[PDB]
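Visitor: Protein chains in written order, with the deposited numbering: chain C, 7 to 340; chain A, 7 to 340; chain B, 7 to 340.
C-beta atoms are modelled at their ideal positions from N, C-alpha and C, and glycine is treated no differently.
Before I ask anything, let me first share the structure, which is written out below as structure tokens.
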Amino acid sequence: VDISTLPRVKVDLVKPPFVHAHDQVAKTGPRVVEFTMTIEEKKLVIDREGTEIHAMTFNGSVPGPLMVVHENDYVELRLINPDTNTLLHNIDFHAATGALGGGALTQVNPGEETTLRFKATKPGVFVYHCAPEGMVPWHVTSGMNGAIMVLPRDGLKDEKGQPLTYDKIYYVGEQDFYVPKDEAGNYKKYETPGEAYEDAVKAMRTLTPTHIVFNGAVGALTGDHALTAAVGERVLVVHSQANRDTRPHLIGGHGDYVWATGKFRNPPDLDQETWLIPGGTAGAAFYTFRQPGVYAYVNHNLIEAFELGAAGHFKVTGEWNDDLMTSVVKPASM
Amino acid sequence: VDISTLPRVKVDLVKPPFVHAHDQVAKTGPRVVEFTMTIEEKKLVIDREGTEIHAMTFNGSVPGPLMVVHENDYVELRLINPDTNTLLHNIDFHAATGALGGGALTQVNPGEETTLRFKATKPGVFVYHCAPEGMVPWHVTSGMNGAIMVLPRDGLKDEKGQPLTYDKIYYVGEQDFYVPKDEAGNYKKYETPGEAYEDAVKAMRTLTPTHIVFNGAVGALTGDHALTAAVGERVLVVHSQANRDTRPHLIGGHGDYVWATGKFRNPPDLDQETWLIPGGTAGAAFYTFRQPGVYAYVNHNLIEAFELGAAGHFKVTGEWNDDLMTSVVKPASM
Amino acid sequence: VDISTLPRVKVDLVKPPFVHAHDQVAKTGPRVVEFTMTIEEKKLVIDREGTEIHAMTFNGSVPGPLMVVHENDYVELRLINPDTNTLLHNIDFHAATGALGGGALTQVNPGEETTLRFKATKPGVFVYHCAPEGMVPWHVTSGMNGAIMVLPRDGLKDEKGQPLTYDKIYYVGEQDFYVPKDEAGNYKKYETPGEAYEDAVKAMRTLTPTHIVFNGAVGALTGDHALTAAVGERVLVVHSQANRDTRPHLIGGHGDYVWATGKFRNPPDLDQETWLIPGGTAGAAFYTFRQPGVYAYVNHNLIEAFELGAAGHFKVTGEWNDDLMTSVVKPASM
Ligand SMILES: [Cu+2]
Ligand SMILES: [Cu+2]
Ligand SMILES: [Cu+2]
Ligand SMILES: [Cu+2]
Ligand SMILES: [Cu+2]
Ligand SMILES: [Cu+2]
């Protein structure tokens, strides 16, 4: 087969929790979709008390952008490592076949550039992350991870076969930070990551994170930055994790359709309250709202949710329904 | 639809691991089932060495009672907070839709009372727990949790469709306690929970429990308080967890039918040895015994089972079967 | 039924990750397969820095050998405890029914021998381990565990029904060691296990392992001891765990067919990137390779993989495929 006959299309990626424009059903044969990502290292504030870390990011955000392609398309990515960085990076896709998911061919030193083309042969949601030889967990637990969705050429289907169309799509990436704290119980500071590597390893070896955040900060999805919807809309939430297990939960709602492993060739589950997403994988949930108000989106390890910071908010417009839930007797003195 | 035409029925709840009387198949249309729960705070001994904690409970037991209703019924709960308590409580159902599962409408200060009515629209086993704004994990990891079973209007079915009828039903609730210990390695004591909140938070932030118990105490289901059955009986064990993952295991037996997420609209699994129940969810297992004797029911994280206290016992009456298992040569010297 | 009419067959077990000779489809009725295992206690080096532990083993290896039988066969095991050991051991199968999986009938003091016969009535992969009264986690987290595969009498089938034949079969057993370290941060040494029991308990109570290894040592499956295959071959990897959850991942590949709980009466999953295997269970993955080169086989808790030592290697011979993955622009300066 000649690759030079398929059409080409350029896409510009958007900062999460929003996704770039796309169609839910394909209207073309296989194509060549062209993305562009610039690695960047920067200081990040990840809580209210002003805790600072040295994060490494794709396109300058934790997590990286969510790419969306169709099955049997050709994904061509152009990765740039500017001259102001200091480390060696390389991407690694869980959707590509062979050569360590592409990590053996995308090693770029500071001030370099590479291009990798692969074929998306399996539909579902997959995880991509950095993976340099000898520093994999340090690069991954600092923010170099993201997801990619390979939709089927015909669309999503329920357990029987009828199509499933969504109105909105959000992308939530959970991230666990292991910040090294000195003997007095205070977090430390450094100048460059090379001074932080040793303490980062020593803190990672304890297997317990210090922070767990949605979208790269505490409260990054609550307040004015909350997600939005209306009663009757259909939302697809793509949840991702790269190093640790997670159990998403939508307080007040359920999961109408859940791919907990994120593979669309399998029939989904029904009426899930809390599903488990293993570490190093992405899951998808499909929900249609039925009541207005504010919703919580948490990791139902309640200590990780309400003590470490893994919580977000939904705002849904609409009109109440006294048949589903009603307050018969308001709180009185007797 | 008029709610005032459906019949009403009052139910009195029973202390676990026993369940109140009910029918496995519905013989009426939708009804209104009326429960009553009184919150109560008390000192609990949770091990053999006499470790004391300040537990908060529904109806004065850890875990709370197990309610049983049918699909599309109307659950009306009347929650009372006596004047001798000191905190603010509110229930939160994972089976109700909207308003944070009912937590935004059931806040009762000490010496108050409220009534909440919702509609059980999805069959399966669900978790309910307390959830006050700012103290969710502290209230939940002290004993304010339980389960509720919404059976289908026609009964349980296997993976092909034939009905599944059980003879007995037991309810096991696993609970993890994070008891604060002082510098010498000894557990601390307090007078009221307000003095314990700070150390409780500091101990919870370590993500490792100090105790893990079945039915609210070490050895609460072993000895004379063990569960009972006979060879040929059919038992449904409803296992619950509210904060941490668990992996139940029946030593010597299996799981004939397992709903690991606890949703009956999904086909069960077959011949499970150890299934995983995520944190903040309830699962159901259906087993028919084939050999007499004593059985262990453990959390197959063996350190949590035999070092922290998550173990219980079954006593089964019947006659042995030399065909399944037999001792050919008893332990000899050669 | 008379047991004395079925044919008998002796099998000699092989050190992992290799399996003794067997057929994928049965060519006889039910038989009586005879195994032999000798318990042995020995000092093991489990890392590069020469950390020593006192391991207890079946047949002198961590993990124990993998037995393979067919459904409805009769497994007869003869367990020997030589006079040079010092503890009391007893095996415990998750595939047998009744009497604590066989632990109540196989207690052998040093210098003894026993024989146990049971019937394999459920197909799948199961875990067996030692379980003495009062020392279960200490005996299990020192290397006394393994797996057993009970194949169906007709062979493995995919989600629709077509047979699945494998060319090679490997067995990977993950093991977590809790080595006690003294106040200076150095691992301790002892003479006999009786001196190590107390510190072993105190270290186990922290719920965090110090080492996590494939096949009983760091780097035991990398280098010249890596697993081998060719492009187009079909491999069945049987992964086991006895105390802790694990999430296997094949970097560069996928899971074509996955039994994550390891029970063959259930339809497998498709196109898994990372599946979760609960603690105290065994799972099976079936993969056919499509690209040559070196593959990583890791626990995708990347801290446990690349910081504690849970990693192995595949070497696949064959010819590259520029259509699946290709390097369009090699790393350049621009
Ligand atoms: Cu990197
Ligand atoms: Cu990965
Ligand atoms: Cu409360
Ligand atoms: Cu909850
Ligand atoms: Cu032993
Ligand atoms: Cu076991």
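Nearer than 7 Å: is that true of the beta carbon of B/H100 relative to any heavy atom of ligand 6?
Guide: With a cutoff of 7 Å, B/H100 counts as near ligand 6, since its C-beta is closer than that to a heavy atom of the ligand.
Visitor: Given a threshold of 16 other Cβ atoms within 10 Å of its Cβ, counted over all protein chains shown, does A/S339 qualify as buried or as exposed?
Guide: exposed
Visitor: Run through chain C and tell me which residues come within less than 7 Å of B/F312, C-beta to C-beta.
Guide: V142, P143
Visitor: Which residue's Cα is closest to the Cα of A/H260: A/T287, A/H231, A/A232, A/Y301?
Guide: A/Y301
Visitor: Suppose only complete runs of 3+ residues qualify. What are the beta strand (DSSP E) ranges in the stretch 43 to 87 of chain B, listed by chain order?
Guide: 58 to 64, 73 to 76, 80 to 87
Visitor: Kindly examine ligand 6 and report whether one of its heavy atoms sits closer than 7 Å to the Cβ of B/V133.
Guide: Flag set: Cβ of B/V133 near ligand 6.
Visitor: Any Cβ of chain C within less than 8 Å of the Cβ of A/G117?
Guide: yes
Visitor: Can you name the residues of chain A whose CB is closer than 7 Å to the CB of B/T121?
Guide: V334, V335
Visitor: Please report the straight-line C-alpha distance between A/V264 and C/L276, rounded to a whole angstrom.
Guide: 16 Å
Visitor: Count the other CB atoms within 10 Å of the CB of C/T90; is the residue buried (16 or more) or exposed (fewer)?
Guide: If you draw a 10 Å sphere on the C-beta of C/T90, you find fewer than 16 other C-beta atoms in it, and that means exposed.
Visitor: Note down, in chain order, every chain C residue with its Cβ under 7 Å from the Cβ of A/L106.
Guide: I257, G258, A302
Visitor: Are the Cβ atoms of A/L19 and A/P71 separated by less than 8 Å?
Guide: yes
Visitor: Please confirm if C/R37 has its CB atom under 8 Å from at least one CB of chain B.
Guide: Using beta-carbon distances, C/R37 does not count as an interface residue toward chain B, since no partner is under 8 Å.
Visitor: Just to confirm my understanding: we take C/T171, look at its own chain, exclude 5 residues before and 5 after, and list those with CB closer than 8 Å. What are they?
Guide: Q30, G161, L162, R240
Visitor: Can you list every residue whose CB sits closer than 5 Å to some heavy atom of ligand 3, going in chain order?
Guide: A/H95, A/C136, A/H145, A/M150
Visitor: Report yes if the C-beta distance between A/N307 and B/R84 is below 8 Å; otherwise report no.
Guide: One thing to note: A/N307 has its Cβ no nearer than 8 Å to the Cβ of B/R84.
Visitor: Mind pulling the chain A residues with CB within less than 9 Å of B/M62?
Guide: In chain order: nothing, as chain A lies at least about 15 Å away.
Visitor: Could you tell me the alpha carbon to alpha carbon distance between C/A126 and B/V178, rounded to whole angstroms?
Guide: 29 Å
Visitor: Return yes when at least one heavy atom of ligand 4 lies under 7 Å from the C-beta of B/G167, else no.
Guide: no
Visitor: For a test of the three-state rule: what should DSSP assign to A/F312, helix, strand or coil?
Guide: helix
Visitor: Contact criterion: CB-CB distance below 8 Å. Does residue 4 of chain A meet it with respect to chain B?
Guide: Since the displayed chain A opens at 7 and closes at 340, residue 4 of chain A lies outside it and no answer follows.
Visitor: Spatial neighbours of A/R159 within its chain, please: C-beta separation below 6 Å, excluding the five flanking residues on both sides.
Guide: Here the set comprises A32, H76, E77.
Visitor: Taking only three categories from DSSP, how would you classify C/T112?
Guide: In the three-state DSSP reduction, C/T112 falls in the coil class, being neither helix nor strand.
Visitor: Short check: CB of A/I218 to CB of A/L330, under 8 Å?
Guide: no
Visitor: Would the beta-carbon of C/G286 be found less than 7 Å away from any heavy atom of ligand 2?
Guide: yes
Visitor: Excluding the 5 residues preceding and the 5 following A/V38 in the sequence, name in chain order all residues of the same chain whose CB lies nearer than 6 Å to its CB.
Guide: Annotation for A/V38: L12, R14, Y80, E82 place their beta carbon closer than 6 Å to its own, counting only its chain and skipping 5 residues before and after.
Visitor: Do A/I52 and A/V304 have their beta-carbon atoms positioned less than 8 Å apart in this structure?
Guide: no
Visitor: Which of the three DSSP states, helix, strand or coil, is assigned to A/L106?
Guide: helix
Visitor: Can you pull the chain A residues whose beta carbon is under 7 Å from the beta carbon of residue 376 of chain B, in chain order?
Guide: Residue 376 of chain B is absent from the structure shown; chain B starts at 7 and stops at 340.
Visitor: Please report the distance separating the alpha-carbon of B/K48 from that of B/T234.
Guide: 29 Å
Visitor: Less than 8 Å between the beta carbons of A/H100 and A/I45, yes or no?
Guide: no
Visitor: Based on Cα-Cα distance, which residue from A/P138, A/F64, A/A209, A/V335 lies nearest to A/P88?
Guide: A/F64
Visitor: Would A/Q181 and A/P284 be called neighbours here (beta carbons separated by less than 8 Å)?
Guide: no
Visitor: With a threshold of 8 Å between beta carbons, is C/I309 in contact with chain A?
Guide: yes
Visitor: Going by C-alpha to C-alpha distance, which of B/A317, B/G107, B/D8, B/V17 sits closest to B/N221?
Guide: B/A317
Visitor: For A/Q278, return the contacting residues in chain C, with the cut-off set at a CB-CB distance below 8 Å.
Guide: The premise fails here: A/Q278 is roughly 16 Å from chain C at the closest Cβ pair, so nothing lies under 8 Å.
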